[PDB]
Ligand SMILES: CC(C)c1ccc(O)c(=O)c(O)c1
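We begin with a single chain expressed as structure tokens, specifically the form deposited without the named molecule.
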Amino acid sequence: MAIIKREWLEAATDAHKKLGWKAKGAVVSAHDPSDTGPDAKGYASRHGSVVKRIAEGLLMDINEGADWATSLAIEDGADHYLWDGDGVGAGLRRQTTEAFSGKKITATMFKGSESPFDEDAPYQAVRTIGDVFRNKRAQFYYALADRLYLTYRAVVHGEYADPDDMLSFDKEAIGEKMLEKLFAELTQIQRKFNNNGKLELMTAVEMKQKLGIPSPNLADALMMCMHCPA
């Protein structure tokens, strides 16, 4: 039921170097403020299709966490910042917008439980996005999975893909230790049964209680980065 293969992640490591392309596009950053306020938090940032930072935020309350993540977004030259507002982070917009005052950084609250973005559009790669994905959490985790798989096929099978549809991990920028932590979380993200035939993922609470796996905040942070707001 896992949606991402470890082999894809290994292939995607330095894929831009292996295949000879450079990051192009906006810088997108996202923050997972943890489930519960004080536990481990996540941040991820990419420049176009190249992931450049994966960071954990430790021993912080919810407000310290948002200060940390928004400061990283500033350091990373983000054009767009997202954060998970479906839970304990639902009240962070004022602090977030204060942090970005005077800077050209958009702030978007991500709510994974919402219906998918652009849900009446045709599904690509009479069936619409909303017919395929239950919600944004599924939509954007599969956006990630699709990028990774296409990257794997390009790197390992020599099948051309547009870099804009791929995802590379800049290992030197991110650091080996944090990259490994991210990967160990990403391979735990799992599909669950859905009674309307839609793609749906296990929630963090389910992952915890059913399988004993801790909240995948780095994975979630990266997933949210897949949505570029505008």
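Only residues modelled in both forms are compared. What we label the rigid core is the largest C-alpha set whose atoms superpose within 1.5 Å from one form to the other. In this text, residue numbers run from 1 along the sequence as written.
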property: Missing-residue flag, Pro38, threshold a third of other entries; result: yes
property: Across other compared entries, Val126 missing in at least a third; result: yes
property: Interval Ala125-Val126, deposited residues with no coordinates in the entry (none, 1 to 3, 4 to 9, 10 or more); result: 10 or more
property: Segment of higher mean CA temperature factor, 180 to 188 or 47 to 55; result: 180 to 188
property: Mean temperature factor over C-alpha atoms, higher-scoring stretch between 155 to 163 and 73 to 81; result: 155 to 163
property: Maximum C-alpha temperature factor, selected from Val88, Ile129, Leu144, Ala138; result: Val88
property: Selection by C-alpha B-factor (highest) of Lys111, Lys104, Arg93, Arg134; result: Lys104
property: Relative C-alpha B-factor of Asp170, binned into the chain's lowest, middle or highest third; result: lowest
property: Record-listed C-alpha B factor of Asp220: chain third; result: lowest
property: Among modelled residues of the same chain, the CA temperature factor third for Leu201; result: middle
property: Ranked against its chain, the third holding the CA B-factor of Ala66; result: middle
property: Lowest, middle or highest third - CA B-factor, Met226; result: lowest
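This protein has a second form, the form deposited with the named molecule bound, left out of what is shown; the following refers to that one.
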| item | value |
| --- | --- |
| Result of superposing the named molecule in the bound PDB entry onto shown chain, 2.4 Å backbone or C-beta criterion | blocked |
| Non-hydrogen atom within 4.5 Å of the named molecule in the bound PDB entry for each of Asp32, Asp39 and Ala204 | yes |
| Non-hydrogen atom contact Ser215 with the named molecule in the bound PDB entry at 4.5 angstroms | yes |
| The named molecule contact at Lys208 in the bound PDB entry, heavy atom, 4.5 Å | yes |
| Only residue that shifts (Cα, 2 Å or more, rigid core superposed) between this form and the one not shown, among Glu56, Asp39, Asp67, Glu200 | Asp39 |
| Cα separation of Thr203 and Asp35 in the bound PDB entry versus here, shift of 3 Å or more | farther |
| Closer or farther in the bound PDB entry, the Cα atoms of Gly37 and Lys104, when the shift from this form is 3 Å or more | farther |
| Segments of at least three residues whose Cα atoms shift by 2 Å or more between this form and the one not shown, after superposing on the rigid core | 34 to 39 |
